[PDB]
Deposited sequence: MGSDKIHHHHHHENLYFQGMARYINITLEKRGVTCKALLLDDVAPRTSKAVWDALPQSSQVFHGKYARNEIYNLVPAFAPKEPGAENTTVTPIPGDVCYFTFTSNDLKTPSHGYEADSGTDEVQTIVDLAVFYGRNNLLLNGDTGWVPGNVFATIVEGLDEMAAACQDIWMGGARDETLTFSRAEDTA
């Protein structure tokens, strides 16, 4: 049935390198085929982690665009739930702004570790993310590591997405 990968379920590891916490997520080859393939083909992807300021129970990284073509809207949400792993296509203009306050095409790879989140901000309104993976192992530990990023900072911390094989 699946558009691209038609074998047994594939999985990605999602790792905070400094804290050394990893969880594992099912790749949604069925309902997000283009986003899943774009990410999978490009793994590993690893960069400075950030805690969300508006989308709530969220951590994410920012990487240069990697796919030959961006997937476009696919399996989108503006109400991400615990365990969602999301992909966003942004431009420099979207992110390099006073409202963001950080210290080409950019991809945001995000993990939602809690509930009651809205992908909505005062820059543009709604910001839907492609849901392309779902955490199936280690979610509680990841959530605890993310609360520690919120309270204890993201200095020298790196979020890495890799193939679990």
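Comparing the deposited sequence with the modelled residues shows gaps at 1-12, 116-123, 186-188, with numbering starting at 1.
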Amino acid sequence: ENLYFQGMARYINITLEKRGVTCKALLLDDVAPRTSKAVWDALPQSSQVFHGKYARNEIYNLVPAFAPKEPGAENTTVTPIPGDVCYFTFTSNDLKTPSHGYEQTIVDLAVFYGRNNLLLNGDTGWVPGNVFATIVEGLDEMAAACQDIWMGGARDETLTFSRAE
From here on, numbers count along this sequence of modelled residues.
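The PDB entry reports B-factors from which the mean C-alpha value can be compared for 71-79 and 84-92; the larger average falls on 84-92. Two stretches are in play, 120-128 and 43-51, and the higher mean C-alpha B-factor belongs to 43-51. Ranked by Cα temperature factor within the chain, residue 56 sits in the lowest third according to the deposited record. The PDB entry assigns residue 101 a C-alpha temperature factor belonging to the highest third of its chain's modelled residues.
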